[PDB]
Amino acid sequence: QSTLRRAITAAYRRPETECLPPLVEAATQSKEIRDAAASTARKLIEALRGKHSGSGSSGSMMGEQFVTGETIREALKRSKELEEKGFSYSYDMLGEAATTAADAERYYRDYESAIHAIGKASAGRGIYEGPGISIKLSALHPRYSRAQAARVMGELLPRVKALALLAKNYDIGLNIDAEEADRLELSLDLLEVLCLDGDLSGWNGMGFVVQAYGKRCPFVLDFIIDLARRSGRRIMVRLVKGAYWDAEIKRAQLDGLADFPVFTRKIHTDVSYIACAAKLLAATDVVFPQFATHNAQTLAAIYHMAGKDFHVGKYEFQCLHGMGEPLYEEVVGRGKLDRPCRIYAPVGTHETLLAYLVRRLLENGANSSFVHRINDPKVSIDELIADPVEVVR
């Protein structure tokens, strides 16, 4: 318990109207930055609309567009082409929400075998230039959402620590994906224990996702930035909007709550994301920000907010396999923006793919999504480059 932890708990269901003013202020950019971001965003979107990206490119319900390979060996082999273009990878062994001990055990073995393969393929490239892995805590505990948080974390900790130690041995990144809002606190407690565990000293590969659609986002970030500074671990922080919005709304509508744990207007999430990006960019000494987005306006805003100084390891962008390549082909490389992007790369069979595909459908099919609007003949470029702070009303 701390003042920083108290701010997280206090924001859980803070009224949406009260959350917004501080985010609006922090997300407000100077005129020069806004003008430069508009120019960059226009250039990117014109390039995108000469392509055929977005929801129209999502492929068939077989989900072939979204999976990098069936096995880690297959996915690693297929990664060489984009790696020399300036992309990196974070591999996701598909599988989540284990319901039996056998399933949780299988997912653990999958993650463990992937770390060995990824770590050997990394070949000493380290946590920024080389590949990493992403895990879901719900894969590793058979009653992750339906058991007491204290006991869940206590059985989960040895498994996650063992995986982190393997990642340290090979010096690769290991990211904890963010899932449902009611599990933020548990996963954050796990992150704290790991960052204070002396067995993991000298390794900066521990990573953690924070969801900007959540009202707690800036306060989670303050806690993580402070944890990094005091632990000496340069935590990799993946800033995302969030993948479970429809489910969070449905659960909140059934819990009879007046105030949800997530925002309810998409523009509020966009303001939240930019405000939280400003917080992360002011903390690159102690954290490694990873800006996961397919929205060219969001990207261009962050690109200019970061300033002129850049080196590999300062920050990166990220995208999902099968969704982000058209945009980021206009970003990576010395002929573009010369900023790196890490591809989140699902690995598994068609069975383990289904739950992930449903979230990709809700993301690609929503009229509010950038990837849908980029292909919408009714949506102008002027609208696509609008600054969320200047639009909110």
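Note that residue numbering begins at 1 and tracks the sequence as displayed. Here the rigid core means the biggest group of C-alpha atoms that line up within 1.5 Å when the two forms are laid on top of each other.
Each structure in 8 other deposited structures of this protein is fitted to the shown form on the rigid core, and of 337-345 and 43-51 the C-alphas lie farther away on average for 43-51. Here 146-154 and 286-294 are scored by the root mean square distance of their C-alpha atoms in 8 other deposited structures of this protein, with each structure fitted by the rigid core; the higher score goes to 146-154.
For the two regions 85-93 and 99-107, the entry's Cα B-factors average higher over 99-107. When the mean C-alpha temperature factors of 55-63 and 37-45 are read from the deposited coordinates, 55-63 comes out higher.
Out of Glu112, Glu316, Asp199, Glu179, it is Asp199 whose C-alpha atom has the highest B-factor in the PDB entry. Out of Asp171, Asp270, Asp309, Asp222, it is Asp309 whose C-alpha atom has the highest B-factor in the PDB entry. Looking at the C-alpha B-factors along this chain, the one for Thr71 belongs to the middle third.
Compared with the other modelled residues of the chain, the Cα B-factor recorded for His321 ranks in the lowest third. Annotation for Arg78: C-alpha temperature factor in the highest third relative to the rest of the modelled chain, per the entry. Residue-level temperature factors show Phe260 in the highest third of its chain, judged at the C-alpha atom.
Per the PDB record, residue ranking by Cα B-factor puts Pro142 in the highest third of the chain.
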